Amino acid sequence: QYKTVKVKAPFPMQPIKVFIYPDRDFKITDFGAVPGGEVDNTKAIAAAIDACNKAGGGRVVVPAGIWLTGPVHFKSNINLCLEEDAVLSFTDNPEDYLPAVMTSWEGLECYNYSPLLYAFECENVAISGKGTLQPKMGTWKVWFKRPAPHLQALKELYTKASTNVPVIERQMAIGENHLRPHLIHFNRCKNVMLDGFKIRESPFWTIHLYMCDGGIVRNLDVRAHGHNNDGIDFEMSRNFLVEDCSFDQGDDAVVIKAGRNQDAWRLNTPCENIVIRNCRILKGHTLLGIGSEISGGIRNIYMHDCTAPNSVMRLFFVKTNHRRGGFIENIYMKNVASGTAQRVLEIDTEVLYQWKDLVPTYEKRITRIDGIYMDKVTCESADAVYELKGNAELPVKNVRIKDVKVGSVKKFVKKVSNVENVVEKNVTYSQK
Ligand SMILES: [Ca+2]
Ligand SMILES: [Ca+2]
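Sequential numbering of the sequence shown, starting at 20, is according to the deposited numbering.
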């Protein structure tokens with residue numbers, strides 16, 4: 020049984036199925052869980068999940084208190100309910116996250132330390148309630164560094180991925196490799212729901228929805244200020260609505276991706292049909308980011324009626340580089356109010372820094388960019404309105420900037436290079 024939620028957009032968008040869970044509650048204390056943050060509740064949570072799924076589904080409930088746990092592995096038809104004043108406290112002991120599981124790390128498929136909340140090929144999975152996800156960060160802060168053995172592991176992963184070595188031979192949870200695990204990583208799932216809860220820090224990517232089809236993300240209060248902490252990362256996913264969330268980030272708010280180079284070309288699964296509305300960025304560098312990992316294709320993305328009241332680097336930022344191939348098509352931003360920004364819109368087709376020297380270019384393939392649309396945007400103060408840097412070998416096409424007003428411009432209005440069919444309509448600015 021399902022409701023369906025209708026979503027308006029400038030492209031076709033099917034209504035989104037929302038599972039109605041069976042009215043059954045599996046309390047983790049009935050399977051041996053103990054609060055206070057020192058008893059390890061990994062096994063109790065797993066036993067509650069097994070019983071719920073065997074019964075046909077329902078809620079696995081974490082009541083008020085602090086509950087220490089290792090990873091939580093979903094099965095189908097489970098809603099993990101965090102009650103008000105519940106805190107899931109995750110351990111920072113790497114051995115609790117073994118054995119390794121199938122995942123994707125910075126756009127390359129591999130086996131790594133289990134994500135803290137992990138779902139693989141499930142249907143009808145949810146996290147809900149007014150409680151909090153709160154990982155311990157001690158060990159993971161140490162793993163922010165990039166010493167020699169960590170660089171060796173990144174090279175190993177990239178070489179295997181780039182030469183089509185089977186994913187099971189990409190075993191990364193070994194020795195000092197030190198690839199940090201995701202907070203939420205849902206992989207190849209159908210009918211996802213995330214509703215109501217708080218996030219306080221994350222070891223790696225905060226909310227990773229990877230190769231998923233159909234879902235809703237709403238009423239979230241996300242705060243994470245460590246390394247590689249975007250608010251939400253959609254990767255090779257489709258048919259999602261995001262609404263009514265707040266983002267307070269070390270990096271960007273909403274980011275759309277589709278993997279890195281050859282490994283992604285192999286998977287051939289674009290990220291598409293995602294709508295974001297009524298959201299708010301409080302801290303962070305970018306409101307809507309596309310890429311740099313876009314290799315599988317990105318198409319039909321719509322953000323509207325959102326705010327960024329404080330200060331950002333780039334409000335709308337589209338990125339790729341010469342290794343990526345793929346395409347970026349039909350990206351829309353509408354009805355956004357901004358405080359301060361360095362750029363309102365930027366397109367940069369050669370963003371390559373950390374991976375520039377570490378590994379080689381196996382193949383140059385220039386990304387096709389077509390249809391980037393910004394309408395009804397205000398910014399109080401900007402260094403520049405927009406800056407577009409295309410590749411001469413395959414220029415960017417069809418960019419529209421319309422009903423855009425900037426209260427004060429500090430450096431320059433615009434700079435354009437290797438872009439065709441740029442349409443500016445009713446742009447207003449002031450400058451001195
Ligand atoms: Ca790079
Ligand atoms: Ca690369």
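Ideal Cβ positions, reconstructed from N, Cα and C, are used throughout, including at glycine.
Is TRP124 helix, strand or coil by DSSP? strand
> Cβ of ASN410 versus every heavy atom of ligand 2: is any distance shorter than 7 Å?
Replying inline: no
- Task: Just tell me which of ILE350, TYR132, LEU170 and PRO166 has its CA closest to the CA of residue 452.
- Result: Because the chain spans 20 through 451 in this model, residue 452 falls outside it and cannot be assessed.
query = Are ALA277 and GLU312 closer than 8 Å when you measure CB to CB?
reply = yes
**Asked** Excluding five sequence neighbours on each side, which residues of the same chain lie with their C-beta closer than 6 Å to the C-beta of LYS430?
**Response** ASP402 and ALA403
Check this for me: beta carbons of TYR137 and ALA119, under 8 Å apart or not?
no
* Asked: Is the closest heavy atom of ligand 2 to the C-beta of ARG342 under 7 Å?
  -> yes
Per DSSP, which one or two residues make a beta bridge with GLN450? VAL428
>> Between the alpha carbons of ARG333 and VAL428, how many angstroms are there, rounded?
In response: 14 Å
| query | When every heavy atom of ligand 2 is checked, does at least one fall within less than 7 Å of the C-beta of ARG279? | reply | yes
> Taking 7 Å as the cut-off, does the CB of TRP162 come closer than this to any heavy atom belonging to ligand 2?
Replying inline: no
Under a Cβ-count criterion, where at least 16 other Cβ atoms within 10 Å of its own Cβ denotes burial, should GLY250 be classed as buried or exposed? buried
Backbone CA spacing between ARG242 and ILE47 [nearest angstrom]:
26 Å
Q: Taking only heavy atoms of ligand 1 into account, decide whether any of them is closer than 7 Å to the Cβ of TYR372.
A: yes
Check: Measuring CA to CA, which of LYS94, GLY55 and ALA74 is closest to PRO82?
Finding: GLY55
Short of 8 Å in beta carbon distance, which residues of its chain neighbour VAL415, apart from the five on each side in sequence? Order them along the chain. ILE366, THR368, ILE388, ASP389, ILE391, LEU407, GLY409, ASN437, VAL438 and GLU439
### Query
Cβ-heavy atom distance between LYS375 and ligand 1 below 7 Å?
yes
Quick one: residues in its chain with C-beta nearer than 6 Å to the C-beta of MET322, no 5 flanking neighbours on either side, listed in chain order? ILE295, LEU307 and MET352
ask   = Run through DSSP, which three-state label would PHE50 get?
value = helix
Practice task
Drop a sphere of 10 angstroms on the beta-carbon of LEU170, count the other beta-carbons inside from all chains shown, and report buried for 16 or more, exposed for fewer.
Solution key: exposed
With 16 other CB atoms within 10 Å as the buried threshold, where does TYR21 fall?
exposed
**Study point:** Selected residue, minimal CA-CA separation from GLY89, among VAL442, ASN247 and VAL58
**Key:** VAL58
Exercise. Among the residues of its own chain, which have a CB less than 6 Å from the CB of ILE39, if the five just before and after it don't count?
Worked result: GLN20
At least three beta-carbon pairs within less than 8 Å, the stretch 201-213 to the stretch 173-190: no
Option nearest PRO34 by Cα separation, candidates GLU399, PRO289 and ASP232: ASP232
Suppose you measure from the CA of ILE385 to the CA of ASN238; what does that come to, to the nearest Å?
38 Å
_Looking only at its chain, what residues have a beta carbon closer than 8 Å to the beta carbon of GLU412, apart from the 5 residues adjacent to it on each side?_
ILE385
Q.
Rounding to the nearest angstrom, what Cα-Cα distance links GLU399 and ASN292 in this structure?
A. 31 Å
Exercise for review: Determine the DSSP secondary structure at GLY157, reduced to helix, strand or coil.
Suggested key: helix
DSSP three-state label for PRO328, please. strand
Review point. In the DSSP assignment, what are the bridge partners of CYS398?
Key: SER357 and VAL425
Quiz prompt | Coarse secondary structure for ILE68, derived from DSSP in three states | solution = helix
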